[PDB]
Amino acid sequence: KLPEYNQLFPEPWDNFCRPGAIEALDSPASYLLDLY
Amino acid sequence: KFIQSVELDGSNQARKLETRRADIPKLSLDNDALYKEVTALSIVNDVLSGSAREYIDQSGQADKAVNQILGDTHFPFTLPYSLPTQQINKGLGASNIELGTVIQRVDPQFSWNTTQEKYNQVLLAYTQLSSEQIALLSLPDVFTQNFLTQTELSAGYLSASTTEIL
Amino acid sequence: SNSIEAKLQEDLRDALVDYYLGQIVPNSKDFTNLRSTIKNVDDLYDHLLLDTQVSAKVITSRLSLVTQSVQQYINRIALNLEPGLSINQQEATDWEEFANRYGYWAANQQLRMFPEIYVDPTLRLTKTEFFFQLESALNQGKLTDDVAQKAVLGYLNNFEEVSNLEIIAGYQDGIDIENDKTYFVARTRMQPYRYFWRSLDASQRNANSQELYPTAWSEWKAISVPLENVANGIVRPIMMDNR
Amino acid sequence: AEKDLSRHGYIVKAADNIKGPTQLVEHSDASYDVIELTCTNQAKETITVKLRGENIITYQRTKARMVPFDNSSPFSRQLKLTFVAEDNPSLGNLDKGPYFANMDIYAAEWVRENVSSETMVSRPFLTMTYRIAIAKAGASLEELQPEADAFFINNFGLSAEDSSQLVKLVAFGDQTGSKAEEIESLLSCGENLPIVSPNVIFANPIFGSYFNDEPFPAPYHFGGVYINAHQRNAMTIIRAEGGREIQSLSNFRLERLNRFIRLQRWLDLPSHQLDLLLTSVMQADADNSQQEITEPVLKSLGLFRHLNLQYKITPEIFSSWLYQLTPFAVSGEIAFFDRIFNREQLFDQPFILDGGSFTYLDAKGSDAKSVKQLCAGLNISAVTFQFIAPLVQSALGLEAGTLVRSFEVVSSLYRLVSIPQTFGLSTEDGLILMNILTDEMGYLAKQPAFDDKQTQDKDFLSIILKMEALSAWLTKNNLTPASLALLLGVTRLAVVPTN
Amino acid sequence: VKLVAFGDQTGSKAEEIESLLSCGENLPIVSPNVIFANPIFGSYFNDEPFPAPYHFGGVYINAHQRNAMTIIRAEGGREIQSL
Amino acid sequence: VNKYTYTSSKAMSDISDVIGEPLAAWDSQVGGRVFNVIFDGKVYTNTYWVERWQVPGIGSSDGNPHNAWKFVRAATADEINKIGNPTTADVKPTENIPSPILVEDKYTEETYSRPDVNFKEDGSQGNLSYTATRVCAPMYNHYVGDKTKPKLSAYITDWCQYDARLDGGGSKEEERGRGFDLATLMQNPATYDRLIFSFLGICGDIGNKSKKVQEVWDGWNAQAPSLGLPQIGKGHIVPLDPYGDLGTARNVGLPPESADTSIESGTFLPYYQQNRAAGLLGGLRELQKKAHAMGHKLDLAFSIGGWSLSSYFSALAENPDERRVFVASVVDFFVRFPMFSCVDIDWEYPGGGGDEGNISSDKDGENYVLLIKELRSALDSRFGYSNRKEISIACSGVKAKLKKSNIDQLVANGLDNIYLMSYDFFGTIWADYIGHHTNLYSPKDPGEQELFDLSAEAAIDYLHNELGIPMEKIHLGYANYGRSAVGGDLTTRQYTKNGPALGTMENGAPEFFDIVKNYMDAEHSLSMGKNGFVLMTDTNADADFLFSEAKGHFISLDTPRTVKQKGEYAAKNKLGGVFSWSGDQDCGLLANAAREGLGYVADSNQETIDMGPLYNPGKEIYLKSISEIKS
Amino acid sequence: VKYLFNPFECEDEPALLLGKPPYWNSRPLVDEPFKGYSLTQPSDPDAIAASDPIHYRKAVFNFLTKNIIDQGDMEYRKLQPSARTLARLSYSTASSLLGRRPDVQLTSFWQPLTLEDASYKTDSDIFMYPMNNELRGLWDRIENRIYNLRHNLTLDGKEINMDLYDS
Amino acid sequence: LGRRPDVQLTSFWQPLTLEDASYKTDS
């Protein structure tokens with residue numbers, strides 16, 4: 001209804017991980033894993 | 001004037017302005033409300049304290065000191081507070097002195113040999129904690145570590161494994 | 001010294017806020033409704049229209065502070081955040097344009113009061129085609145009297161042709177002569193023949209007047225088409241569908 | 001603001017040529033008091049005339065027909081006078097020279113002047129003055145008070161008639177040689193409005209009731225005092241009619257003003273502090289019931305000049321030395337009083353000035369202690385406080401163990417602290433010097449005095465000047481007040497027998 | 001039981017909470033140069049993350065019970081292991 | 001606001017501070033000053049706003065109807081001689097008129113002259129005046145609003161918007177319409193808090209007006225296909241006079257250039273929207289606009305159904321699909337005219353006892369439970385809480401009805417308002433005995449009142465207690481007319497049924513302004529009966545009526561006194577509100593009496609006219625209850 | 001920007017009745033895709049957004065908000081005092097477009113593994129999409145300005161006072 | 001320009017609340 005970011009993009013924030021963590025889809029660890 | 005007009009346009013459900021901060025239309029237009037200066041904090045705490053004073057009156061306890069309410073209101077977490085303790089803390093801070101030190105020096109007897117109780121109490125002072133917090137921490141446990149009744153006891157109960165603990 | 005007081009003032013504020021959210025809102029009668037949602041310090045900032053987290057380092061006037069809070073309230077409703085209390089398009093435009101800020105509001109007011117102060121010959125809206133040429137002469141940079149004389153004499157020269165313009169034809173915008181605008185075309189007596197168009201409104205009368213506002217006359221405007229191949233010194237304008 | 005005035009009255013100022021109401025009474029059946037006035041025209045034409053005088057009250061009500069009339073309240077209270085021919089028809093005044101006698105009235109309280117020792121009596125609080133003329137001819141001003149025109153010539157360059165021009169701001173500022181910002185700085189009727197301390201209680205809702213609408217504090221309460229002589233109808237700007245104009249201009253106030261602004265030029269001070277200091281002096285003197293320019297006043301100004309120069313003494317300080325501290329400010333700043341005490345918040349409650357007392361000797365009662373501690377917040381050491389307080393209590397006449405939250409205590413303390421401090425002497429030391437000078441320590445605790453039985457031990461000002469001089473001499477000689485007092489035998493040195 | 005309600009009522013932000021739980025990256029660490037009394041956690045089937053928070057850093061709150069509190073994957077929001 | 005100022009004085013020496021006013025004989029007095037008036041040697045101090053008739057001796061009970069004048073026997077016999085004793089008090093109207101009320105109407109005068117009518121104020125000839133509203137000036141005073149005061153609302157029976165005498169008609173009897181013009185209120189937008197233009201109809205109407213219902217239903221369905229809109233069927237709401245609603249101007253305070261007579265059943269449908277409305281509804285819109293201009297809020301609501309239009313309600317209530325069509329058309333109306341905040345269901349009665357042209361079933365109160373639930377749900381879910389509309393009912397004035405109304409279940413279904421039709425407790429034909437029509441209280445031992453001695457008290461007490469309902473949802477009506485009879489006998493309350501009972505537009509129905517025109521006057525600063533009528537107040541039921549002996553013309557009616565008393569009672573009971581029934585028939589006199597009774601206060605210390613002087617009570621009479629007569 | 005999107009939209013606009021969704025003002029931006037398109041979007045941000053117009057919506061939102069912050073920053077860069085109030089207001093509005101940052105919801109859960117472990121495990125989801133950086137960039141930028149306003153600092157967060165020293 | 005109109009310009013003022021002003025500004 002009201003105009004706000006999440007209202008425009010309804011999405012559970014819990015469906016995202018914190019940036020910088022190992023859990024990051026682009027963590028340097030993830031890069032290493034891909035390489036491996 | 002503009003807002004005053006707009007707020008005439010229906011929707012009784014809305015939390016109309018004067019439902020809050022009703023002092024605002026009450027302020028007088030004048031030279032000094034214009035010219036003289038004050039810390040914003042002063043106003044913030046003032047208006048908020050006014051609200052609180054009304055609420056304690058709704059508790060029928062306006063006879064109580066508003067500050068004193070904070071002396072035992074345990075929730076939320078930061079809520080329990082003590083002005084005199086703070087005053088003492090900062091006082092001696094400005095003197096660059098610790099209360100424990102003060103008491104320790106105030107004892108007639110020599111610090112290198114004086115009663116255990118004085119050592120105890122001095123050390124407690126060195127904690128810098130308020131008596132209220134002390135008491136709260138001192139309260140006994142409300143809950144047994146576990147609780148069970150015949151239903152689950154008949155269904156049987158398993159403790160966690162234990163050999164892993166040490 | 002005073003820094004001590006700052007410390008205890010800040011923590012007083014902190015505790016008081018905690019008490020408000022912790023007990024007043026969840027328990028107090030009037031908030032039974034709003035406690036559905038007002039649940040954090042920012043919610044307080046929104047509801048109370050004032051910022052609690054300012055440091056003791058900041059001082060202000062009572063008036064200014066009130067104004068700030070009012071502005072916040074205005075902006076929120078303008079932003080269509082509170083339930084109800086919608087705003088008209090122009091009304092909102094006025095706010096977001098100038099009324100949002102004292103300086104521009106004052107400027108608007110002052111313009112209404114003393115427009116002359118804002119008048120500037122270089123900023124005229126109504127402006128003759130050749131008037132552009134004239135200023136395009138004078139604007140050259142450093143200047144001298146004789147040179148200005150030359151420039152103005154040129155402008156005057158063109159103005160001669162203006163005074164010698166001869167109308168050729170005209171076309172009505174519609175059936176109601178008494179309110180529909182109309183368009184006209186004219187050419188120079190002097191050769192080479194050059195051509196211009198202009199228009200006149202039939203609206204813009206005063207309700208009392210058997211007369212029309214000066215604005216009703218349009219400026220005369222040049223026509224760029226290489227028309228000299230014309231068969232017999234004849235042409236017709238047409239305006240339709242605003243083209 | 002400092003007293004109730006809901007009940008009060010007026011009495012004739014006792015004069016041998018006038019007879020009438022000389023005492024107030026809690027009730028009377030008579031609609032009006034009768035007064036008789038004996039007077040003489042300078043031709044020695046002598047006559048007496050009767051007149052009626054009556055206390056009159058007025059009030060307002062809305063047409064709220066549902067509620068009862070609920071009338072009891074403080075109310076506006078006013079004095080009305082009326083002559084009638086029916087009481088004096090015989091006098092046949094056609095030929096009499098028009099000039100006759102003065103009339104004067106005390107506005108007075110009636111109370112036990114000693115709440116203990118009975119003395120329930122009517123007692124004045126304000127005084128006012130009139131002149132009565134009788135002229136069947138309907139004579140002109142040049143007949144009535146021709147002296148006025150001579151005055152207006154010498155002091156305004158104008159005919160007394162020209163006052164009727166002077167009423168407008170243009171003519172006024174012109175003839176005065178003044179610009180109107182000065183005038184608003186004088187009138188405080190625009191933005192230069194008075195201001196009051198939030199932390200002070202007042203004796204009656206004189207201005208606190210619903211229908212009250214006098215702007216409070218009034219200029220006649222503060223800043224416009226001397227020029228309005230406390231009359232409620234204070235001078236103000238008023239909207240124009242062929243130019244802006246002035247509220248009300250009795251020639252009496254006009255001549256007061258004529259003096260006042262000249263003095264203001266000479267001293268170079270803003271009006272508010274001038275008026276403040278002036279009133280402080282004249283009201284401290286019990287004699288100057290009439291707000292009159294007098295020798296002690298002038299002397300006070302001399303002292304202020306000197307001390308301001310030598311030590312940058314703020315006139316507020318000086319004023320609050322010889323009188324109470326002021327719970328007021330002009331539009332733009334915090335009140336001197338409130339600044340001094342609520343200088344910053346250090347406790348839960350701000351300090352406040354109130355009725356009531358506390359057992360300062362020990363104040364074990366938490367609130368009493370709180371009060372005393374906040375007062376000790378006045379710079380000095382707690383221990384010092386106990387040296388001062390008994391003397392203050394004694395001088396003011398309070399009960400030995402108690403002190404009260406009122407300006408009197410405040411000002412006494414403030415004197416005792418600040419004055420020696422101006423010479424860098426400890427307030428402790430001051431006691432020593434005061435005894436040396438007078439064999440009294442608590443001397444500055446007392447109120448200022450101008451006793452006609454003038455004696456060396458009485459002039460505050462001379463005494464202060466002496467303190468100044470001797471302090472200089474002492475430091476010059478590298479002495480010490482304690483040492484001096486001991487040597488002078490003002491205090492004994494501690495000794496005991498020995499082996 | 002859910003993190004949102006928890007952090008709300010506690011007046012706390014979840015980085016503090018992981019700094020409390022050590023169940024994420026704030027994990028415990030152990031000195032390589034120290035021997036331990038038994039392969040309590042050294043055997044093949046051992047799989048308790050060692051050292052455990054109940055061994056270190058989470059001691060008082062878990063009172064040494066093996067079932068230590070931890071974050072657990074969401075179901076209509078992230079949640080807590082056992083409370 | 002409205003302030004007054006007064007003064008007292010004493011000898012200069014007198015320290016006293018009581019408000020003083022010397023002793024005087026009790027003539028009439030008035031106003032806000034203190035008074036200490038002697039009467040039979042007792043001096044009575046004034047306790048309240050003095051009124052002309054407030055004799056202090058009686059005033060020992062109530063020196064004003066709010067309270068006694070307290071008194072003491074202070075004066076000496078000498079002072080009794082000095083002042084004299086006023087004890088032989090009497091009423092006295094003013095010699096003249098301080099403020100005119102009545103105005104000329106050439107056409108009503110002609111209507112009296114019209115030999116087919118030959119109306120005369122003595123009832124000797126034509127008993128129906130058909131007096132147009134033109135005979136009176138606007139009387140509304142301006143009052144300061146108060147959130148705590150209950151609402152003042154009015155129902156306008158909008159047909160009153162016509163009178164052929166305006167154009168030259170009036171040849172026929174029915175041509176002699178009311179001609180009620182909104183301009184009067186437009187000049188005084190503060191007058192009302194909430195307004196309702198009365199009835200609205202539905203396709204299924206079986207009533208006499210169904211002729212028009214059908215014709216406009218067909219006209220709508222004639223237009224709609226050309227607009228691409230679906231045809232309406234039963235359950236769909238319909239307008240009553242499209243030109244009236246959307247094309248009138250003259251009698252609705254609108255610039256006549258805005259009128260459009262082309263609007264009719266086959267042409268109105270494009271105009272049927274809030275912006276296009278250039279009739280009665282346009283006037284209403286402009287009125288709200290001017291309310292905002294004044295800085296006041298005017299609420300607009302509309303009743304669905306009516307006395308005549310109740311006809312189809314049982315069938316509608318029974319058929320759930322027609323209920324659906326009803327709800328849908330209602331929503332569409334709200335969308336076309338968002339200015340309306342509220343709707344009011346006016347079924348004379350679901351369980352019967354309304355008009356006889358009504359379909360009725362003893363299951364319809366339950367069908368109405370369904371209806372309320374359905375409408376509430378639909379409208380709330382459609383418009384959202386930010387714009388939650390209000391639902392109201394026109395509650396029947398009789399115990400037997402309200403008992404059957406299942407109203408507690410309607411409240412469980414979120415009913416908002418309960419406008420009690422507390423009027424016509426008596427009727428000029430069906431009643432056995434003359435009685436009051438809108439009396440607040442019942443007389444002592446009124447019996448069960450299925451036919452007589454009814455009162456608002458009798459209904460509301462049951463509703464609040466036996467039904468437990470909060471009176472904050474309840475609103476009380478006052479009627480802008482009297483009802484009359486003929487040949488009445490005041491002792492037995494017998495009367496000549498079936499006769500020329502005096503009225504304005506119809507037998508037995510004298511409208512209030514017409515009552516002032518013909519049988520009563522106030523302009524002489526006092527209420528009094530005229531032309532053979534006398535003011536009577538029944539102390540049994542505490543109710544006011546006019547009487548005339550020559551033809552036993554009994555006429556109970558609402559009065560300044562009764563209306564003020566109603567206001568007092570409403571405030572006392574914190575009722576949801578009060579309203580003028582048929583607002584078209586009060587020029588503002590009793591409206592002022594209502595405001596004042598509820599305790600609103602005027603803005604200035606001046607008025608259009610003071611209602612005060614008119615609270616003089618009618619002549620005492622103890623009108624025996626029917627039980628007291630039979631016993 | 002208004003032509004693309006207006007947050008200050010008002011229901012007075014009947015386009016809402018003509019089905020225009022709130023605030024959005026571009027039909028191409030609003031109307032729906034139907035996958036009558038490539039099964040895979042190879043490499044162009046624009047092409048994929050042309051399949052997921054939501055992506056443009058996000059970009060637009062970002063641009064707008066940024067511009068607001070830019071205004072506020074200029075205001076805070078102004079020398080005279082009252083401009084600070086303008087900056088304060090601008091920043092307030094901007095923040096209002098975001099509510100509160102989703103910290104708790106973001107909180108990480110982790111268990112260590114060897115590369116061998118991961119390699120086996122990944123046989124036929126340990127990571128998640130993180131919050132995209134520009135958002136926290138915006139959040140932090142405004143929070144930093146707010147902090148400076150908390151402490152009466154320059155936009156640069158430098159002390160405004162001269163910081164005089166003596167002994 | 002002659003002389004500036006200082007005296008003629010001199011301000012007259014009485015304080016009020018916003019509520020007061022709002023009521024006062026009625027027609």
# chains A, B, ... in the order shown; residues from 1 in each chain; ligands from 1
$ select_by_dssp --residues "segment 494-566 of chain F" --states "strand (DSSP E or B)" --output "number ranges by chain"
F: 503, 506, 509, 511, 520-521, 528-529, 534-538, 543-548, 553-557
$ interface_residues --of "chain B" --to "chain C" --cutoff "7 Å" --atoms "only C-alpha atoms" --output "ChimeraX atom specification"
/B:6-7,9,11,14,20-21,33-41,44-45,55,75-76,78-79,90
$ residues_around --residues "residue 49 of chain E" --least-positions-apart "6" --cutoff "12 Å" --atoms "only C-alpha atoms" --output "ChimeraX atom specification"
/B:164-165 /E:22-24,27-30,40-42,55-56,66-68 /G:110-113
$ write_last_selection --atoms "C-alpha atoms" --output "PDB file, in the first residue's frame"
ATOM      1  CA  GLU B 164      31.069 -34.558  25.846  1.00  0.00           C
ATOM      2  CA  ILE B 165      31.021 -31.847  28.498  1.00  0.00           C
TER       3      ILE B 165
ATOM      4  CA  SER E  22      29.572 -17.881  18.911  1.00  0.00           C
ATOM      5  CA  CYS E  23      27.423 -20.165  16.782  1.00  0.00           C
ATOM      6  CA  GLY E  24      28.294 -18.370  13.567  1.00  0.00           C
ATOM      7  CA  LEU E  27      33.266 -19.449  16.836  1.00  0.00           C
ATOM      8  CA  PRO E  28      35.635 -20.597  19.618  1.00  0.00           C
ATOM      9  CA  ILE E  29      39.299 -21.417  18.972  1.00  0.00           C
ATOM     10  CA  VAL E  30      41.777 -23.751  20.691  1.00  0.00           C
ATOM     11  CA  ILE E  40      35.906 -37.273  24.134  1.00  0.00           C
ATOM     12  CA  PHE E  41      35.832 -35.354  20.867  1.00  0.00           C
ATOM     13  CA  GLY E  42      38.772 -37.012  19.140  1.00  0.00           C
ATOM     14  CA  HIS E  55      33.282 -25.399  26.779  1.00  0.00           C
ATOM     15  CA  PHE E  56      34.177 -21.768  26.252  1.00  0.00           C
ATOM     16  CA  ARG E  66      25.729 -30.180  25.856  1.00  0.00           C
ATOM     17  CA  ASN E  67      22.625 -28.887  24.101  1.00  0.00           C
ATOM     18  CA  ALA E  68      23.900 -25.354  23.752  1.00  0.00           C
TER      19      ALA E  68
ATOM     20  CA  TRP G 110      27.808 -20.932   9.771  1.00  0.00           C
ATOM     21  CA  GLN G 111      29.547 -24.285  10.269  1.00  0.00           C
ATOM     22  CA  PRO G 112      33.143 -24.892   9.133  1.00  0.00           C
ATOM     23  CA  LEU G 113      34.127 -27.516   6.570  1.00  0.00           C
TER      24      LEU G 113
END
$ residues_around --residues "residue 8 of chain H" --least-positions-apart "2" --cutoff "10 Å" --atoms "only C-alpha atoms" --output "PyMOL selection string"
(chain D and resi 169-170+180+240+243-244) or (chain H and resi 4-6+10-11)
$ closest_residue --among "B:106, B:3, B:163, B:66" --to "residue 54 of chain B" --atoms "only C-alpha atoms"
B:66
$ residues_around --residues "segment 18-33 of chain A" --least-positions-apart "5" --cutoff "10 Å" --atoms "only C-alpha atoms" --output "NGL selection string"
(:A and (13)) or (:E and (24-25)) or (:G and (102-112 or 114-116 or 118-119 or 125-133 or 136))
$ write_last_selection --atoms "N, CA, C and O atoms" --output "compact mmCIF listing (two decimals), in the first residue's frame"
# COMPACT_ATOMS: atom_id res chain seq x y z
N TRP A 13 13.28 -10.15 4.21
CA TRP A 13 14.70 -9.87 4.35
C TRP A 13 15.46 -11.07 4.86
O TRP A 13 16.64 -11.25 4.53
N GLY E 24 27.95 -18.70 14.93
CA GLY E 24 28.29 -18.37 13.57
C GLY E 24 29.80 -18.22 13.48
O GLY E 24 30.55 -19.05 14.00
N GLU E 25 30.24 -17.14 12.85
CA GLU E 25 31.67 -16.91 12.65
C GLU E 25 32.39 -16.60 13.95
O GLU E 25 33.62 -16.74 14.00
N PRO G 102 17.61 -4.23 7.82
CA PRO G 102 17.20 -5.58 8.25
C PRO G 102 18.23 -6.44 9.00
O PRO G 102 18.32 -7.65 8.76
N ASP G 103 18.99 -5.83 9.91
CA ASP G 103 20.13 -6.46 10.58
C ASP G 103 19.88 -7.88 11.09
O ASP G 103 20.54 -8.86 10.69
N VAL G 104 18.84 -8.00 11.92
CA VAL G 104 18.55 -9.27 12.56
C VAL G 104 18.27 -10.31 11.50
O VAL G 104 18.79 -11.43 11.54
N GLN G 105 17.45 -9.94 10.52
CA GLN G 105 17.08 -10.89 9.49
C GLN G 105 18.31 -11.34 8.72
O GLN G 105 18.38 -12.48 8.26
N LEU G 106 19.29 -10.45 8.58
CA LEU G 106 20.51 -10.78 7.84
C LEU G 106 21.44 -11.71 8.59
O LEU G 106 22.32 -12.30 7.96
N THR G 107 21.27 -11.86 9.90
CA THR G 107 22.32 -12.49 10.72
C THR G 107 22.75 -13.86 10.20
O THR G 107 21.93 -14.73 9.92
N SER G 108 24.07 -14.03 10.08
CA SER G 108 24.69 -15.23 9.52
C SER G 108 24.73 -16.44 10.44
O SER G 108 24.99 -16.33 11.64
N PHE G 109 24.49 -17.61 9.85
CA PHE G 109 24.66 -18.92 10.46
C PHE G 109 25.77 -19.66 9.73
O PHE G 109 25.79 -19.66 8.49
N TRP G 110 26.71 -20.26 10.46
CA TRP G 110 27.81 -20.93 9.77
C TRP G 110 28.36 -22.13 10.53
O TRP G 110 28.35 -22.17 11.76
N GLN G 111 28.84 -23.12 9.76
CA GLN G 111 29.55 -24.28 10.27
C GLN G 111 30.75 -24.52 9.37
O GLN G 111 30.60 -24.61 8.14
N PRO G 112 31.94 -24.67 9.94
CA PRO G 112 33.14 -24.89 9.13
C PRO G 112 33.18 -26.26 8.46
O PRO G 112 32.54 -27.22 8.90
N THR G 114 35.97 -28.58 5.43
CA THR G 114 37.10 -28.59 4.52
C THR G 114 36.61 -28.48 3.09
O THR G 114 35.43 -28.66 2.78
N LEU G 115 37.56 -28.20 2.19
CA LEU G 115 37.21 -28.14 0.78
C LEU G 115 36.71 -29.48 0.31
O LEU G 115 35.80 -29.57 -0.52
N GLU G 116 37.30 -30.55 0.83
CA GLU G 116 36.83 -31.88 0.51
C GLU G 116 35.38 -32.02 0.92
O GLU G 116 34.55 -32.56 0.18
N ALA G 118 33.10 -29.69 1.34
CA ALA G 118 32.26 -28.92 0.44
C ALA G 118 32.11 -29.62 -0.90
O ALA G 118 31.01 -29.66 -1.47
N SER G 119 33.19 -30.21 -1.39
CA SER G 119 33.14 -30.86 -2.69
C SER G 119 32.19 -32.03 -2.68
O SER G 119 31.38 -32.19 -3.61
N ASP G 125 24.07 -25.12 -1.36
CA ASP G 125 23.16 -24.04 -0.99
C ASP G 125 23.57 -23.40 0.33
O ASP G 125 22.76 -22.79 1.02
N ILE G 126 24.86 -23.53 0.67
CA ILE G 126 25.35 -22.97 1.92
C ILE G 126 25.36 -21.45 1.90
O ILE G 126 25.32 -20.82 2.96
N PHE G 127 25.44 -20.84 0.73
CA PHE G 127 25.40 -19.39 0.63
C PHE G 127 23.98 -18.89 0.41
O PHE G 127 23.06 -19.65 0.10
N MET G 128 23.82 -17.59 0.58
CA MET G 128 22.58 -16.92 0.24
C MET G 128 22.92 -15.65 -0.51
O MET G 128 24.05 -15.16 -0.48
N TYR G 129 21.94 -15.15 -1.23
CA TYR G 129 22.08 -13.83 -1.80
C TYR G 129 22.26 -12.86 -0.66
O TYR G 129 21.41 -12.80 0.24
N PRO G 130 23.33 -12.09 -0.63
CA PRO G 130 23.47 -11.06 0.40
C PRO G 130 22.68 -9.83 0.00
O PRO G 130 22.25 -9.67 -1.14
N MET G 131 22.49 -8.95 0.98
CA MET G 131 21.97 -7.63 0.67
C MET G 131 22.97 -6.93 -0.23
O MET G 131 24.17 -6.94 0.03
N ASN G 132 22.48 -6.32 -1.30
CA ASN G 132 23.39 -5.72 -2.26
C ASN G 132 23.95 -4.40 -1.74
O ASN G 132 23.23 -3.53 -1.23
N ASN G 133 25.26 -4.26 -1.93
CA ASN G 133 26.08 -3.25 -1.26
C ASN G 133 25.59 -1.82 -1.38
O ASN G 133 25.59 -1.09 -0.39
N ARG G 136 23.29 -0.66 1.57
CA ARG G 136 23.97 -0.29 2.80
C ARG G 136 24.83 0.94 2.60
O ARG G 136 25.02 1.71 3.53
$ interface_residues --of "chain F" --to "chain H" --cutoff "10 Å" --atoms "only C-alpha atoms" --output "list in words"
residues 293, 294 and 295 of chain F
$ residues_around --residues "residue 370 of chain F" --least-positions-apart "4" --cutoff "9 Å" --atoms "only C-alpha atoms" --output "ChimeraX atom specification"
/F:317,320,365-366,374-375,410,413
